[PDB]
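Readers should treat all values here as calculations from the given coordinates under stated rules, not as data from a laboratory. Don't worry about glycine lacking a Cβ; one is built from the backbone with ideal geometry, like all the others, and counts go over all protein chains shown.
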Amino acid sequence: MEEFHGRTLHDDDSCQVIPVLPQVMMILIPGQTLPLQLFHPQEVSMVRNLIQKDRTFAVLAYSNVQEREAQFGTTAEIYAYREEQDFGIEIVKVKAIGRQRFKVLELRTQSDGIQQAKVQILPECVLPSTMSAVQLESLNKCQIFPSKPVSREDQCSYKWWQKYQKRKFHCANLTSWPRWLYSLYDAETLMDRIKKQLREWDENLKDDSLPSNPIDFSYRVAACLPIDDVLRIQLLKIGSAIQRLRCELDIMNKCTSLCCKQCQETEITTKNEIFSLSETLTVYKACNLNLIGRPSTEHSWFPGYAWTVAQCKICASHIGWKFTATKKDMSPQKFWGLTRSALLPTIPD
Amino acid sequence: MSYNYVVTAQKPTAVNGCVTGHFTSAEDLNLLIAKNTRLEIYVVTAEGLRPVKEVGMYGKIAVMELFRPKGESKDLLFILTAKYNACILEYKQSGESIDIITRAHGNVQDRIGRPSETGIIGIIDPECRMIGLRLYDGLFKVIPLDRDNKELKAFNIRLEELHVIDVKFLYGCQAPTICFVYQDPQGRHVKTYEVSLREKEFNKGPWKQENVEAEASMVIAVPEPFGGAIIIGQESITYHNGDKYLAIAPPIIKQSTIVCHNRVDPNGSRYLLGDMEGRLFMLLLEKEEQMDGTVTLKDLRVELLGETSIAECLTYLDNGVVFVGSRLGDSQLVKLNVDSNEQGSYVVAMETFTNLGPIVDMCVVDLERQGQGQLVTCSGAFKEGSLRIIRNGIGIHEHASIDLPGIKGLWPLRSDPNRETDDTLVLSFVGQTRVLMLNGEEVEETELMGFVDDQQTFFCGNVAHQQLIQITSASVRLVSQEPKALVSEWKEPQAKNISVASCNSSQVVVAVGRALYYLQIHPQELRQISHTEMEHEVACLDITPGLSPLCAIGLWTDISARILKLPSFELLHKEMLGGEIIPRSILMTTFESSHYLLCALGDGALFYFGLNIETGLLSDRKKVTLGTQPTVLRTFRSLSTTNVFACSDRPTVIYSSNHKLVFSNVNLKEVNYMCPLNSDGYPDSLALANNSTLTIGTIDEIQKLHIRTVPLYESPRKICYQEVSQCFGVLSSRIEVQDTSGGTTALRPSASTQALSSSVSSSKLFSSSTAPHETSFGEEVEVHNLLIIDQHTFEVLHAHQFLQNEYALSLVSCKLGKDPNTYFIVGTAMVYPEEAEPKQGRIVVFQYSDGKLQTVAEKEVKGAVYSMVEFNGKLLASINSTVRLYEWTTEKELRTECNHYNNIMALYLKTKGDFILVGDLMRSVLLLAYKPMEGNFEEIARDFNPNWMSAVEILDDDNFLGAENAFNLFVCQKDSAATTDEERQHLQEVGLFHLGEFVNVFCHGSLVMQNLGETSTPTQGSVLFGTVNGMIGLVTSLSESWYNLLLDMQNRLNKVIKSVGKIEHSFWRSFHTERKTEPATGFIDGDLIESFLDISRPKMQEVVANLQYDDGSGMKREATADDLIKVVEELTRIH
Ligand SMILES: [Zn+2]
């Protein structure tokens, strides 16, 4: 593709009229790449004109595709642009990354075929520290903490974080609210909560796979975690980093049903029944599961625990093993040690 | 369109930095104390601090350091504002007029840049050749110091170190070098740079970078004789001088972290240190290594001087006196008795400056007396949290002060021919009676021949027929006026010691045992007039003349008052003033435009009565809890006509206009006795003797906020008032340390471990729970308590201790449903360190009756209760994000009735009538209306904006007041006349202001009289608010015409009154925020308008060269320059 070195940054709270390609009808969160392939001659000409002019495009996040009405959208800068001449049809391949979010003030359609709309760049504002207003002057020197010691041996890292909400929010005693309430509005403490919770859904290396900037971090997690379109629009409404993170936890603790991967339609178990008496997720009870094979207890790390192969009902894929007791006086009798990555939690409706 | 008016009622009292130096004169040792927007200049004297000036600067004092450049005698003063306003002040006094002139001023804010999380740092070259400023990350702002730099033009210098903790300027260097500690991925390091002004950049430092401990936070520049820097953290104290390196790890500073320091020696041989808790260390520099002239160190021993207040900025005055400032405690003046070793604590308190501190929550109470509503705050934190009671008490202006050994009574005396004045004051000791003739300010005392040297005389006044009879325990001694010699002595018939003696114009009454004897006054002679024996012991008697129409007799063992003829014993009327205790004194005068009589007892209540002229005795039964100690009644001529003074443990003055008597407070800690005296120097004055000393003076206006403190030794959080039980309910939290043996131990005896009755909440409505991360040793657990404090004695009657991990949040006193009992209700929440958002909460309903706090209901909720209110007999609570309304059943159990689901955390709840206002910390104001017909909630309006709200308040059905980030105030408004749904469903932010303080709590009511005034008042309503620093504001609405007039007056005053630092008022009050800044609108500054009464008359004539004065209909364009003064005075009367 064509290498691009310039950076485009539209002024915040500044109205602008730009055209939007009609092929894309999905919500594109900022920081998420949206590669496509335009074949119509009008689309190719519009793409070429945009690349030569500003290498920018608009994508209105329509609540309903049929209505084609959107109250907000995202501007995309073409990071990569390529032209292909195959099968006698010109194909324009653009790998663009969303940059800004704009609210569509006025909608219009051009005569050429594309639709040009006038929108105002919504301000994705950033808030300062909640203690900046009430911080004691003498205590300012004790707010630069001592690096961030992170290790898998510490696991919970309970001791270090208990010292964070005791040196960062000491000044909370001057206000009517406690420190543990302010810790619910702390950007780094929030990013802490998403990070450790996501390590309960995948085996990713959160050290470098996730950013340190709250704004950039909030965008990609909202894109990465699987939700419906209406929820994606809802998070797009928020213009603040902390409020967006707060909404994320609600769209992340209201998804209890551990549905299968691949399936994405059947319900394996629920988060309520978690046999945490003794990696893998242990569930005391399970349903809609098929057990096959033999209770092979060889090398069974879990003693008095014989396991057999498992499948959902149709997905037929291995998602774990229902450990069975090898002794009469053994509890629990049957616990399913399902794999963390084999399930995709969804809202329990 | 809001048309408000915000005015302060109490100046900020939290010291955020103090420093000494020669400022007012080249010989004095001035102490300057910044309190937030108030700069206070004191002169340090031998006996303490002498106030000099109190100057108000338009901004937040963030940096304050004195420097003396060459060519000057008195130091200048560089003051920086949190809005980045820089000025170089200089003291300038001409005989009696004092002005703080500005040598240079400017703005040092950069166009773009994130302010450093470690805050603004301001440092000055020891040689006074430059000023260093750290305002943004990686940008060191240098201000050159020259005589022609009137604009304060600075230039930036690049720092490659983004995270810099503390920067300071080293001593004794050729070029101006800086030493600082910075955080880098390797850890923490100390680096030195050399500043070159001509190069406008840094160079190689004097000594190379080193490694310090991971906590080393603050740097101290040692002076020239030693040279170098001292870096202290929490574990170690080090000294770096290049080739010299000393380090210690004392085990004393391990407990807490040192946060403030000071230098006590000109050569830097001793230093003071202060940590969080408030223990005052002392670092000593050993200068014994003078090997070859260089004064190098030998050791770095650290001493401990004992505990003090929670220190925020130490300041060592001369003669071993230390000013221990405190942001959240009381500022103190202690003395370093380095030799005493009382209990190991060298420090002894010498003075104490009051501080309303971090007001967390406040209530407005109405303990009788009509209006004059007292204000109760939960001030302080940690080991000095307290309750502050604030009133409007008239202040006593003492023209002179004389020390007395607790005189048991002072009476006037004339040492000259009668000139309608008294030039002698006769005191009364425990057994003796010292009298001193003081025509002016004389202190010499000489006993006269007519008065016994030591006879315990009680009454000594001017008798009729040119004489004076002093009644003593042994006998009454009569001395003539001009001869001044004894002429007669009519002793007691039984020669007994008269406990109570009454002296009148022409009658002398002596009470011996249960009998009394009245003698008429004869010229230079004594003649008995009547003798009688009362049924019981005479508690007190008095005669109020020539001849008293009636006399009063009191019962000591029965507390019964009888009325008998003065020259006889014929009973007239009888009454009983409760009978609790024997009366202390009685009196009768025309204070209320009628012959009203009063009787004061030793319970701190006074019984009033209405007496006719010839013969009339009414009841007028009314007992007011004036005080907590025995009283004393007196009449002072320096009043409207006579009034009445009641000395108690809170002195009160009986002020009455025509028919209503009010016990107005007197601004004094304690008054023992008082008596009028027409001294030659101060005619028609009042001499009042206190429990320790005595003063002579007069009274003044009501412009005084008397503050009484009640310590709790723990942090108070919330408070409410219960009128039925007459007690306060206050939450408190004590930090107690975990013990290795199993359990926790309290650090100090607080108000929850020293209560009368104590209970522990054993109602475990839930079991199990988890805590895999066990509570390790040394951890501090915050245990909560509910205290039931009295209202006129202030003792903890009950102290209820909640469960483990029970953070109580809300507390409301209200009566629910049809129940006649007034219930305490507390909404708690279980917090565990493992879980982020609490899941289990409780609503507990106490009923404090008969001195016991019995639980009535204990409701369990799935969440946390943040705020609670009442709806005419229903309980509205905010469980996490939901908003629940509870109906109180007849079987004493809370029953939910309706639910409204909010996507935000319902954190602030403020309701009136049927409208509900909900908000959270992110400033998302939401409105609700409760429809009784449907019995469900409805959402009326919204206002969402990312910012840090601090407190919200209802002003009216349409206007909603609330503070927000950067110490700003906003007012939202709903336009019910909007044509479309969207316009009326969105709140319009109309009012904006920059108060300059972090508002904590809002409340209704006012501290002034509730007099209707027939035609109402210019200001409609009143809302008080208390801030972190400690001020008390007042926001009141205004009319459109008044708003326009006051706005134009403010704009005219902005061009007349000069401000220190030449800061524009419109910029100071501009709505300030990190992301945007807009001018203030809809708010009228109260201080500026009130400042119209102190400027000179020509300034007024310039300000009032236009307008309409009374109204535009009457024109009066000249305005007479005085109607505006009347308007400003009427505005000032609101507080
Ligand atoms: Zn499946």
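Kindly indicate whether A:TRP160 is aromatic (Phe, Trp, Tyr) and within 20 Å of B:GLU215 (Cβ to Cβ). It would help to see each step written out before you state the result.
On the way: aromatic (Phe, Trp, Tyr): yes; within 20 Å of B:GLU215 (Cβ to Cβ): yes.
Judged against the criteria, A:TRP160 is a match.
Looking at the range B:954-966, can you tell me whether even one residue there is touching a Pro at 6+ places or on another chain (Cβ under 9 Å), within 23 Å of A:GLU124 (Cα to Cα) and assigned to a loop (DSSP other than H, G, I, E, B)?
Within the range B:954-966, not a single residue is touching a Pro at 6+ places or on another chain (Cβ under 9 Å), within 23 Å of A:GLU124 (Cα to Cα) and assigned to a loop (DSSP other than H, G, I, E, B).
Mind checking which strands (runs of 3 or more DSSP E) fall wholly inside the range B:349-406 and carry at least 2 residues that are over 14 Å from the mean Cα position of the chain (by Cα), more than 14 Å from chain A (Cβ to nearest Cβ) and closer than 30 Å to B:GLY431 by Cα?
In the range B:349-406, the matching strands (runs of 3 or more DSSP E) lie at B:396-402.
Among the residues of the range B:924-945, is any buried (at least 21 other Cβ atoms within 10 Å of the Cβ) and within 13 Å of chain A (Cβ to nearest Cβ)?
Looking through the range B:924-945, at least one residue is buried (at least 21 other Cβ atoms within 10 Å of the Cβ) and within 13 Å of chain A (Cβ to nearest Cβ).
Quick one: in the range B:16-32, of everything that is within 20 Å of B:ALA62 (Cα to Cα) and assigned to a loop (DSSP other than H, G, I, E, B), which residue is farthest from the other protein chains (Cβ to nearest Cβ)?
The selected residue is B:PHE23.
Quick one: which of B:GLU447, B:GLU482, B:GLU492 is crowded, with 16+ Cβ neighbours inside 10 Å and acidic (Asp, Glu)?
B:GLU492
Of the residues that sit in the range A:287-297 and are more than 23 Å from A:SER276 (Cβ to Cβ) and under 38 Å from the mean Cα position of the chain (by Cα), which one is farthest from the ligand (Cβ to nearest atom)?
So, considering only residues that are more than 23 Å from A:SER276 (Cβ to Cβ) and under 38 Å from the mean Cα position of the chain (by Cα), the one farthest from the ligand (Cβ to nearest atom) is A:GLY293.
Checking the conditions here, which among A:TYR219, A:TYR182, A:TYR164 is more than 11 Å from chain B (Cβ to nearest Cβ), more than 19 Å from the chain's Cα centre (by Cα), more than 27 Å from A:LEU338 (Cα to Cα) and surrounded by 15 or more Cβ atoms within 10 Å (Cβ to Cβ)?
One residue alone meets the criteria, A:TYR164.
Any idea how many residues of the range B:1102-1127 are surrounded by 13 or more Cβ atoms within 10 Å (Cβ to Cβ), assigned to a loop (DSSP other than H, G, I, E, B) and among the aliphatic types (A, V, I, L, M)?
Number satisfying all stated conditions: 2.
With (1) within 14 Å of another protein chain (Cβ to nearest Cβ); (2) hydroxyl-bearing (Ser, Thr, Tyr); (3) within 16 Å of the ligand (Cβ to nearest atom) as the list, and A:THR270 as the residue in question, which single condition is left unmet?
(1)
Could you list all residues from the range A:132-161 that are exposed (fewer than 14 other Cβ atoms within 10 Å of the Cβ), hydrophobic (A, V, I, L, M, F, W, C) and within 10 Å of chain B (Cβ to nearest Cβ)?
A:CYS156
Of all the strands (runs of 3 or more DSSP E) wholly in the range B:739-824, which have at least 2 residues that are among the charged types (D, E, K, R)?
Filter on the range B:739-824 gives B:780-790.
Taking into account only those residues within the range A:298-349 that are in contact with a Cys (Cβ under 7 Å, 6 or more places away or on another chain) and among the β-branched types (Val, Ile, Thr), which is nearest to the ligand (Cβ to nearest atom)?
Among them, the one singled out is A:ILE319.
Quick one: would you say B:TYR58 is at negative phi and not in a strand (DSSP E or B)? Don't jump to the end; show me each part of the working.
Details: at negative phi: yes; not in a strand (DSSP E or B): yes.
Judged against the criteria, B:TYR58 is a match.
Determine the pairs where a residue that is closer than 15 Å to A:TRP201 by Cβ, located within the range A:258-278, has a partner that is in a loop (DSSP other than H, G, I, E, B) and more than 8 Å from the ligand (Cβ to nearest atom) with Cβ atoms under 6 Å apart, the partner being 6 or more residues away or on another chain.
Close Cβ pairs (under 6 Å, with a partner that is in a loop (DSSP other than H, G, I, E, B) and more than 8 Å from the ligand (Cβ to nearest atom)) amount to A:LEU258/A:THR269; A:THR269/A:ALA286; A:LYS271/A:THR256.
Which strands (runs of 3 or more DSSP E) does the range A:69-185 wholly contain that include 2 or more residues that are among the polar types (S, T, N, Q)?
A:73-86, A:115-121
Within the range A:245-257, identify whether any single residue is more than 14 Å from chain B (Cβ to nearest Cβ), within 16 Å of the ligand (Cβ to nearest atom) and either touching a strand residue (DSSP E or B) at 6+ places or on another chain (Cβ under 9 Å) or over 30 Å from A:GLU188 (Cα atoms) (or both), and answer yes or no. It would help to see each step written out before you state the result.
Just the residues of the range A:245-257 that are more than 14 Å from chain B (Cβ to nearest Cβ), to begin with: A:255-257.
With the extra rule that they be within 16 Å of the ligand (Cβ to nearest atom), the set shrinks to A:257.
Now drop any that are not either touching a strand residue (DSSP E or B) at 6+ places or on another chain (Cβ under 9 Å) or over 30 Å from A:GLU188 (Cα atoms) (or both), which leaves A:257.
The answer is yes, given that some residue of the range A:245-257 is more than 14 Å from chain B (Cβ to nearest Cβ), within 16 Å of the ligand (Cβ to nearest atom) and either touching a strand residue (DSSP E or B) at 6+ places or on another chain (Cβ under 9 Å) or over 30 Å from A:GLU188 (Cα atoms) (or both).
Within the group B:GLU117, B:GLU213, which residue is surrounded by 17 or more Cβ atoms within 10 Å (Cβ to Cβ), part of a loop (DSSP other than H, G, I, E, B) and within 14 Å of chain A (Cβ to nearest Cβ)?
When all the criteria are applied, what remains is B:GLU213.
Given the conditions (1) within 14 Å of chain A (Cβ to nearest Cβ); (2) crowded, with 20+ Cβ neighbours inside 10 Å, and given that B:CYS1003 satisfies all but one, which numbered condition is not satisfied?
(2)
Take the residues in the range A:117-131 that are more than 7 Å from chain B (Cβ to nearest Cβ) and surrounded by 17 or more Cβ atoms within 10 Å (Cβ to Cβ); name whichever of them is farthest from A:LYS237 (Cα to Cα).
Here the residue is A:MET131.
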